[PDB]
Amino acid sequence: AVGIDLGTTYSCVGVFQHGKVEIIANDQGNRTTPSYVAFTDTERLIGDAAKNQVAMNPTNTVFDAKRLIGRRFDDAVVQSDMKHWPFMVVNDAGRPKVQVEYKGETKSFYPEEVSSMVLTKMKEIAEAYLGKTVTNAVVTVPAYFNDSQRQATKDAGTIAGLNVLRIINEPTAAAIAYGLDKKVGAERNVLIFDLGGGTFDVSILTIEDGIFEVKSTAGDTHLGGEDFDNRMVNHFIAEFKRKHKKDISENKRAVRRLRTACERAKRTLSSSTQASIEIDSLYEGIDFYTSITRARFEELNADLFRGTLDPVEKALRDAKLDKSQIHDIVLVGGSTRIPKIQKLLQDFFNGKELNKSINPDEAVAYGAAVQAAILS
C-alpha cells in the first residue's frame, strides 16, 4: 500500500513502514518524478527521460495533463490552456485528447491515459524499492476537483493496474502528514498554503474528532515557482543587453541555460542573502557573470509574493473565519521555502509559527502514504 501525490509538474510516491514514512527515490535517485510523457519515432518516455528530450521533441512531449483530466473540450479552462502548450489538443466527442506523433503514427490520448502512464512509472518506482508487486494505493487531487475529475483520476490509476483504495484531497493529506487529526481539544481549523512550481492553492480545513471537512479553497492555478524564475530571467536578459549590447531573448538555448542558472540562484537565495550566476559562452561566445541579492530577488517578485496573501484573505472570508481563528498553518510546495513567502504569511498571522518541518515537496505524498497504510 503506497501513497501517490499526482502533481501537475511532478509526482511523488511514499510508503509507510517501521512506524515512519519513506519517500521512494527513482532510478536517478530523484525523490520526485516529472509528470511528463514523450512520444518519439521509436519509443515512449516517462519522467526525467521525457523531460531531457523536450528541446529536440517539443511537440510530442506532454505535460500538464492534470489540467485537462475530467474536463470537457469546450471547458473555458481547457480552451485557454491549450493556447500555451506546445503540443496539440483535439476535440473527440466533447472530450479533450492530446495528439502526438508516435512511431510515425499520428495518435491521440485521453488525459487520464497520460496520467495512467505517470502512475505506472510511480508504481514501477515503488516496486523496485519494496521488491514486491505494488497494487494498492491512495492517490491525491486538489480539494477543488469535482466528481468528474476525481473519477477520471481514479480511472487513470485503474488503467495503470492499481487498486485505488481512495482519492483524497491534497490539503487533507498534508494535514494528516502533520498528524493535525490526532490530538486533544475541540473542532479546530487549518490553513494549508500550497505553492508549487506552477500552481498555488490555499485551503481551509476544519478537523473535528478526527473528521476532516473542506471549508474553502482559493488560489491561482497559474502561479508557481517558475514565475519567480521568469522574473529573474527577464532581469538578466535586460542586464545582458546593458553590459554587452546583445539581446538573447530569441535564442532558445541561451534562455534555457539562463533559466537553469536562475533556478539554482533562487535555491541559494533561500539559505543565503546573495547568489552568483556564471554561464560559459551564454551568447555569441560571451561569458555571462553576475550576482543577485535576496533583497533584489524579492523586489523583482514583490507583486507576486505579496499577492499570495489575497487568496488567503479570500479563503478566510469564504470560510467565514477571522485569521485569529486559524489553529494551524501548513506549508506545502517547494516555493514555500522562500524566506520572504514564509515571512509574509507569518506576519499576516501575527508571528504564528508555521508547520514546515516536513519536506514541502513530499508532504502530500507523505500523508497519502499514511492513509494508505490505514486502508490497506
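The first residue of the sequence shown is number 1, and the count goes up from there.
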## Note on the structure
Higher avg CA temperature factor (329-337 vs 50-58, as deposited) belongs to 50-58
### Summary
Assert higher mean C-alpha B factor (128-136 or 142-150, deposited values) equals 128-136
## Note on the structure
One of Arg166, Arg257, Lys215, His244 has the largest Cα B-factor in the entry, namely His244
### Summary
Looking only at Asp194, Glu101, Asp220, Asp227, the Cα with the top B-factor belongs to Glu101
#### Entry: Third of the chain's Cα B-factor distribution that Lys323 belongs to, per the entry
middle
### Query
Sorting the chain's CA B-factors, does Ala25 end up in the lowest, middle or highest third?
highest
#### Entry: Third of the chain's Cα B-factor distribution that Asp303 belongs to, per the entry
lowest
### Among modelled residues of the same chain, the CA temperature factor third for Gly198
lowest
#### Entry: Chain-wide C-alpha B factor ranking for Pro171, given as lowest, middle or highest third
lowest
